[PDB]
>>> print(open('start-v3.pdb').read())   # PDB, N, CA and C atoms
ATOM      1  N   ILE A   1     152.427  86.896  27.386
ATOM      2  CA  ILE A   1     152.497  85.850  28.396
ATOM      3  C   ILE A   1     152.678  86.470  29.772
ATOM      4  N   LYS A   2     151.763  86.162  30.687
ATOM      5  CA  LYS A   2     151.817  86.705  32.035
ATOM      6  C   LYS A   2     151.227  85.702  33.010
ATOM      7  N   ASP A   3     151.771  85.696  34.228
ATOM      8  CA  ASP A   3     151.120  84.989  35.323
ATOM      9  C   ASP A   3     149.782  85.624  35.673
ATOM     10  N   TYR A   4     149.535  86.837  35.190
ATOM     11  CA  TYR A   4     148.246  87.494  35.308
ATOM     12  C   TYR A   4     147.142  86.547  34.844
ATOM     13  N   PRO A   5     146.169  86.231  35.692
ATOM     14  CA  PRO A   5     145.163  85.229  35.329
ATOM     15  C   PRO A   5     144.260  85.717  34.207
ATOM     16  N   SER A   6     143.497  84.770  33.667
ATOM     17  CA  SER A   6     142.514  85.032  32.623
ATOM     18  C   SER A   6     141.214  84.313  32.942
ATOM     19  N   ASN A   7     140.753  84.433  34.182
ATOM     20  CA  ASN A   7     139.652  83.623  34.677
ATOM     21  C   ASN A   7     138.309  84.276  34.393
ATOM     22  N   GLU A   8     137.320  83.444  34.075
ATOM     23  CA  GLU A   8     135.967  83.902  33.799
ATOM     24  C   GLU A   8     134.970  82.899  34.358
ATOM     25  N   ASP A   9     133.772  83.398  34.649
ATOM     26  CA  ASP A   9     132.645  82.592  35.109
ATOM     27  C   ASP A   9     131.453  82.976  34.234
ATOM     28  N   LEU A  10     131.324  82.310  33.088
ATOM     29  CA  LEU A  10     130.329  82.645  32.078
ATOM     30  C   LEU A  10     129.372  81.471  31.874
ATOM     31  N   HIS A  11     128.517  81.595  30.861
ATOM     32  CA  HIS A  11     127.366  80.709  30.675
ATOM     33  C   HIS A  11     127.600  79.771  29.493
ATOM     34  N   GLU A  12     128.185  78.609  29.779
ATOM     35  CA  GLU A  12     128.288  77.486  28.841
ATOM     36  C   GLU A  12     128.683  77.953  27.442
ATOM     37  N   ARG A  13     129.904  78.485  27.364
ATOM     38  CA  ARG A  13     130.428  79.027  26.114
ATOM     39  C   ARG A  13     130.231  78.052  24.959
ATOM     40  N   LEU A  14     130.746  76.830  25.107
ATOM     41  CA  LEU A  14     130.645  75.791  24.082
ATOM     42  C   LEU A  14     131.323  76.208  22.780
ATOM     43  N   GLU A  15     132.375  77.019  22.879
ATOM     44  CA  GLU A  15     133.095  77.469  21.695
ATOM     45  C   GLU A  15     134.582  77.157  21.796
ATOM     46  N   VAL A  16     135.366  77.704  20.867
ATOM     47  CA  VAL A  16     136.747  77.280  20.666
ATOM     48  C   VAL A  16     137.742  78.084  21.498
ATOM     49  N   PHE A  17     137.308  79.177  22.135
ATOM     50  CA  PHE A  17     138.218  80.035  22.896
ATOM     51  C   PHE A  17     139.129  79.221  23.808
ATOM     52  N   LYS A  18     138.559  78.236  24.507
ATOM     53  CA  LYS A  18     139.377  77.359  25.338
ATOM     54  C   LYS A  18     140.370  76.580  24.487
ATOM     55  N   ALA A  19     139.940  76.118  23.311
ATOM     56  CA  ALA A  19     140.848  75.387  22.438
ATOM     57  C   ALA A  19     141.848  76.325  21.784
ATOM     58  N   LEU A  20     141.440  77.568  21.524
ATOM     59  CA  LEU A  20     142.383  78.577  21.058
ATOM     60  C   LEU A  20     143.522  78.748  22.054
ATOM     61  N   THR A  21     143.186  79.056  23.306
ATOM     62  CA  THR A  21     144.195  79.235  24.343
ATOM     63  C   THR A  21     144.770  77.915  24.843
ATOM     64  N   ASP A  22     144.297  76.787  24.320
ATOM     65  CA  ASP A  22     144.686  75.464  24.777
ATOM     66  C   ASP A  22     145.903  74.925  24.042
ATOM     67  N   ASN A  23     146.767  75.801  23.538
ATOM     68  CA  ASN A  23     147.859  75.393  22.671
ATOM     69  C   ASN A  23     149.158  76.049  23.114
ATOM     70  N   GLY A  24     150.252  75.304  22.999
ATOM     71  CA  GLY A  24     151.578  75.843  23.252
ATOM     72  C   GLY A  24     151.891  76.180  24.694
ATOM     73  N   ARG A  25     151.187  75.570  25.643
ATOM     74  CA  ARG A  25     151.435  75.773  27.063
ATOM     75  C   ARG A  25     152.218  74.583  27.605
ATOM     76  N   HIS A  26     153.272  74.862  28.377
ATOM     77  CA  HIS A  26     154.084  73.782  28.927
ATOM     78  C   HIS A  26     154.364  73.928  30.419
ATOM     79  N   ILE A  27     154.472  75.162  30.900
ATOM     80  CA  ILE A  27     154.911  75.388  32.271
ATOM     81  C   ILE A  27     153.743  75.168  33.232
ATOM     82  N   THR A  28     154.072  75.072  34.522
ATOM     83  CA  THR A  28     153.142  74.555  35.523
ATOM     84  C   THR A  28     151.872  75.394  35.614
ATOM     85  N   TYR A  29     152.008  76.696  35.884
ATOM     86  CA  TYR A  29     150.814  77.512  36.093
ATOM     87  C   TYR A  29     149.954  77.569  34.837
ATOM     88  N   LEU A  30     150.577  77.461  33.661
ATOM     89  CA  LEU A  30     149.823  77.415  32.413
ATOM     90  C   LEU A  30     148.803  76.287  32.437
ATOM     91  N   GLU A  31     149.282  75.044  32.535
ATOM     92  CA  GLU A  31     148.372  73.909  32.592
ATOM     93  C   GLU A  31     147.448  73.997  33.796
ATOM     94  N   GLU A  32     147.954  74.495  34.928
ATOM     95  CA  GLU A  32     147.129  74.616  36.125
ATOM     96  C   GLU A  32     145.865  75.403  35.825
ATOM     97  N   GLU A  33     146.024  76.677  35.466
ATOM     98  CA  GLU A  33     144.860  77.515  35.206
ATOM     99  C   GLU A  33     144.067  77.006  34.007
ATOM    100  N   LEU A  34     144.767  76.564  32.956
ATOM    101  CA  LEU A  34     144.103  76.119  31.737
ATOM    102  C   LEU A  34     143.109  75.005  32.025
ATOM    103  N   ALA A  35     143.584  73.898  32.588
ATOM    104  CA  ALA A  35     142.671  72.817  32.914
ATOM    105  C   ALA A  35     141.892  73.074  34.196
ATOM    106  N   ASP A  36     142.164  74.174  34.903
ATOM    107  CA  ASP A  36     141.175  74.680  35.845
ATOM    108  C   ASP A  36     139.944  75.182  35.109
ATOM    109  N   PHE A  37     140.129  75.726  33.905
ATOM    110  CA  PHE A  37     138.964  76.114  33.117
ATOM    111  C   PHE A  37     138.155  74.930  32.618
ATOM    112  N   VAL A  38     138.504  73.694  32.986
ATOM    113  CA  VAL A  38     137.599  72.588  32.715
ATOM    114  C   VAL A  38     136.279  72.887  33.401
ATOM    115  N   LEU A  39     135.186  72.533  32.740
ATOM    116  CA  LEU A  39     133.878  72.809  33.310
ATOM    117  C   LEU A  39     133.420  71.721  34.271
ATOM    118  N   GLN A  40     134.264  70.721  34.527
ATOM    119  CA  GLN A  40     133.990  69.638  35.468
ATOM    120  C   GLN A  40     132.716  68.875  35.130
ATOM    121  N   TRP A  41     132.195  69.036  33.918
ATOM    122  CA  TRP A  41     131.064  68.237  33.473
ATOM    123  C   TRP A  41     131.521  66.831  33.109
ATOM    124  N   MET A  42     130.567  66.041  32.639
ATOM    125  CA  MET A  42     130.826  64.706  32.132
ATOM    126  C   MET A  42     130.908  64.666  30.612
ATOM    127  N   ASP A  43     130.836  65.816  29.950
ATOM    128  CA  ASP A  43     130.723  65.870  28.501
ATOM    129  C   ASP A  43     132.088  65.993  27.833
ATOM    130  N   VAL A  44     132.169  65.477  26.607
ATOM    131  CA  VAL A  44     133.347  65.626  25.765
ATOM    132  C   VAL A  44     132.992  66.021  24.341
ATOM    133  N   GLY A  45     131.701  66.057  23.997
ATOM    134  CA  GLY A  45     131.268  66.252  22.625
ATOM    135  C   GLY A  45     131.778  67.518  21.973
ATOM    136  N   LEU A  46     132.204  68.502  22.766
ATOM    137  CA  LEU A  46     132.805  69.697  22.186
ATOM    138  C   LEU A  46     134.091  69.344  21.449
ATOM    139  N   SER A  47     135.002  68.654  22.127
ATOM    140  CA  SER A  47     136.234  68.168  21.527
ATOM    141  C   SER A  47     136.787  67.068  22.417
ATOM    142  N   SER A  48     137.444  66.085  21.799
ATOM    143  CA  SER A  48     138.007  64.950  22.519
ATOM    144  C   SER A  48     139.528  64.906  22.427
ATOM    145  N   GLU A  49     140.165  66.056  22.264
ATOM    146  CA  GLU A  49     141.604  66.158  22.096
ATOM    147  C   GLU A  49     142.260  66.471  23.440
ATOM    148  N   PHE A  50     143.546  66.824  23.400
ATOM    149  CA  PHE A  50     144.332  67.143  24.592
ATOM    150  C   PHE A  50     144.425  65.928  25.514
ATOM    151  N   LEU A  51     144.969  64.846  24.965
ATOM    152  CA  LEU A  51     145.135  63.594  25.688
ATOM    153  C   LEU A  51     146.566  63.335  26.126
ATOM    154  N   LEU A  52     147.543  63.612  25.262
ATOM    155  CA  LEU A  52     148.938  63.418  25.640
ATOM    156  C   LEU A  52     149.327  64.344  26.784
ATOM    157  N   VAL A  53     148.775  65.558  26.796
ATOM    158  CA  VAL A  53     149.010  66.461  27.916
ATOM    159  C   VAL A  53     148.599  65.804  29.224
ATOM    160  N   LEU A  54     147.535  64.998  29.201
ATOM    161  CA  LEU A  54     147.086  64.321  30.412
ATOM    162  C   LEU A  54     148.126  63.323  30.898
ATOM    163  N   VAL A  55     148.571  62.424  30.016
ATOM    164  CA  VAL A  55     149.578  61.446  30.407
ATOM    165  C   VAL A  55     150.885  62.127  30.785
ATOM    166  N   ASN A  56     151.069  63.389  30.389
ATOM    167  CA  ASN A  56     152.225  64.137  30.872
ATOM    168  C   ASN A  56     152.058  64.534  32.336
ATOM    169  N   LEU A  57     150.869  64.992  32.719
ATOM    170  CA  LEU A  57     150.651  65.451  34.083
ATOM    171  C   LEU A  57     150.648  64.277  35.059
ATOM    172  N   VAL A  58     150.918  64.585  36.328
ATOM    173  CA  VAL A  58     150.928  63.566  37.372
ATOM    174  C   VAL A  58     149.992  63.926  38.524
ATOM    175  N   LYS A  59     150.228  65.062  39.184
ATOM    176  CA  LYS A  59     149.456  65.421  40.368
ATOM    177  C   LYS A  59     148.177  66.171  40.011
ATOM    178  N   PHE A  60     148.299  67.232  39.211
ATOM    179  CA  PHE A  60     147.111  67.835  38.625
ATOM    180  C   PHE A  60     146.299  66.782  37.891
ATOM    181  N   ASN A  61     146.978  65.892  37.166
ATOM    182  CA  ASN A  61     146.294  64.773  36.534
ATOM    183  C   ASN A  61     145.533  63.949  37.565
ATOM    184  N   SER A  62     146.105  63.782  38.759
ATOM    185  CA  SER A  62     145.433  63.011  39.799
ATOM    186  C   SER A  62     144.162  63.711  40.260
ATOM    187  N   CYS A  63     144.276  64.970  40.674
ATOM    188  CA  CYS A  63     143.084  65.702  41.086
ATOM    189  C   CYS A  63     142.170  66.056  39.919
ATOM    190  N   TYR A  64     142.537  65.681  38.696
ATOM    191  CA  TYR A  64     141.786  66.000  37.488
ATOM    192  C   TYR A  64     140.973  64.823  36.964
TER
END
>>> encode(input="start-v3.pdb", output="structure tokens")
Amino acid sequence: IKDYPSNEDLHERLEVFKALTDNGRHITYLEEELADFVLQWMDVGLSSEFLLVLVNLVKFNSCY
């Protein structure tokens, strides 16, 4: 666990790596960077989970 980022700019992964790292995060920068890795598309067909985390967020949830 590090504040050291894990950012990438790749070509439509469409795999579970995001869902792999999408677990057990609670602190601010965790969710910040994690849902920064949202692809900002309109699609959900990959997975439709991670909903309670949304109702937990407030401001990131707003800009999200």
>>> residues_around(input="start-v3.pdb", residues="residue 22 (chain A)", least_positions_apart="5", cutoff="9 Å", atoms="only C-alpha atoms", output="list in words")
residues 17, 31, 34, 35 and 50 of chain A
>>> write_last_selection(input="start-v3.pdb", atoms="N, CA and C atoms", output="tab-separated table (two decimals), in the coordinates of the input")
chain	number	residue	atom	x	y	z
A	17	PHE	N	137.31	79.18	22.14
A	17	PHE	CA	138.22	80.04	22.90
A	17	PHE	C	139.13	79.22	23.81
A	31	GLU	N	149.28	75.04	32.53
A	31	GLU	CA	148.37	73.91	32.59
A	31	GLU	C	147.45	74.00	33.80
A	34	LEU	N	144.77	76.56	32.96
A	34	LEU	CA	144.10	76.12	31.74
A	34	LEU	C	143.11	75.00	32.02
A	35	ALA	N	143.58	73.90	32.59
A	35	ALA	CA	142.67	72.82	32.91
A	35	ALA	C	141.89	73.07	34.20
A	50	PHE	N	143.55	66.82	23.40
A	50	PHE	CA	144.33	67.14	24.59
A	50	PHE	C	144.43	65.93	25.51
>>> atom_distance(input="start-v3.pdb", atom1="CA of residue 26 (chain A)", atom2="atom N of residue 47 (chain A)")
20.9 Å
>>> atom_distance(input="start-v3.pdb", atom1="CA of residue 59 (chain A)", atom2="CA of residue 39 (chain A)")
18.6 Å
>>> atom_distance(input="start-v3.pdb", atom1="CA of residue 25 (chain A)", atom2="CA of residue 42 (chain A)")
23.9 Å
>>> closest_residue(input="start-v3.pdb", among="A:61, A:21, A:14, A:27", to="residue 46 (chain A)", atoms="only N, CA and C atoms")
A:14
>>> axis_aligned_box(input="start-v3.pdb", around="region 53-61 of chain A", padding_each_side="3 Å", output="JSON")
{"center_x": 148.9, "center_y": 64.6, "center_z": 33.6, "size_x": 12.7, "size_y": 12.4, "size_z": 19.6}
>>> select_by_dssp(input="start-v3.pdb", residues="region 1-63 of chain A", states="helix (DSSP H, G or I)", output="number ranges by chain")
A: 17-20, 28-36, 52-56, 59-63
>>> build_atoms(input="start-v3.pdb", residues="region 48-60 of chain A", atoms="N, CA, C and O atoms", output="compact mmCIF listing (two decimals), keeping the file's coordinate frame")
# COMPACT_ATOMS: atom_id res chain seq x y z
N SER A 48 137.44 66.08 21.80
CA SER A 48 138.01 64.95 22.52
C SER A 48 139.53 64.91 22.43
O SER A 48 140.12 63.83 22.51
N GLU A 49 140.16 66.06 22.26
CA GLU A 49 141.60 66.16 22.10
C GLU A 49 142.26 66.47 23.44
O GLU A 49 141.63 66.37 24.50
N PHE A 50 143.55 66.82 23.40
CA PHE A 50 144.33 67.14 24.59
C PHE A 50 144.43 65.93 25.51
O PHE A 50 144.01 65.95 26.67
N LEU A 51 144.97 64.85 24.96
CA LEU A 51 145.14 63.59 25.69
C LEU A 51 146.57 63.34 26.13
O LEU A 51 146.79 62.88 27.25
N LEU A 52 147.54 63.61 25.26
CA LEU A 52 148.94 63.42 25.64
C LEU A 52 149.33 64.34 26.78
O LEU A 52 150.12 63.97 27.65
N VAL A 53 148.78 65.56 26.80
CA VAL A 53 149.01 66.46 27.92
C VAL A 53 148.60 65.80 29.22
O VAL A 53 149.25 66.00 30.26
N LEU A 54 147.54 65.00 29.20
CA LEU A 54 147.09 64.32 30.41
C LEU A 54 148.13 63.32 30.90
O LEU A 54 148.53 63.36 32.07
N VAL A 55 148.57 62.42 30.02
CA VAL A 55 149.58 61.45 30.41
C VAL A 55 150.88 62.13 30.78
O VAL A 55 151.73 61.52 31.44
N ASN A 56 151.07 63.39 30.39
CA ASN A 56 152.22 64.14 30.87
C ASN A 56 152.06 64.53 32.34
O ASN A 56 153.00 64.42 33.12
N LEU A 57 150.87 64.99 32.72
CA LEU A 57 150.65 65.45 34.08
C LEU A 57 150.65 64.28 35.06
O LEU A 57 150.42 63.12 34.69
N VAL A 58 150.92 64.58 36.33
CA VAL A 58 150.93 63.57 37.37
C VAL A 58 149.99 63.93 38.52
O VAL A 58 149.05 63.18 38.82
N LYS A 59 150.23 65.06 39.18
CA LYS A 59 149.46 65.42 40.37
C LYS A 59 148.18 66.17 40.01
O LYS A 59 147.09 65.82 40.49
N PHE A 60 148.30 67.23 39.21
CA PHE A 60 147.11 67.83 38.62
C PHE A 60 146.30 66.78 37.89
O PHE A 60 145.07 66.76 37.97
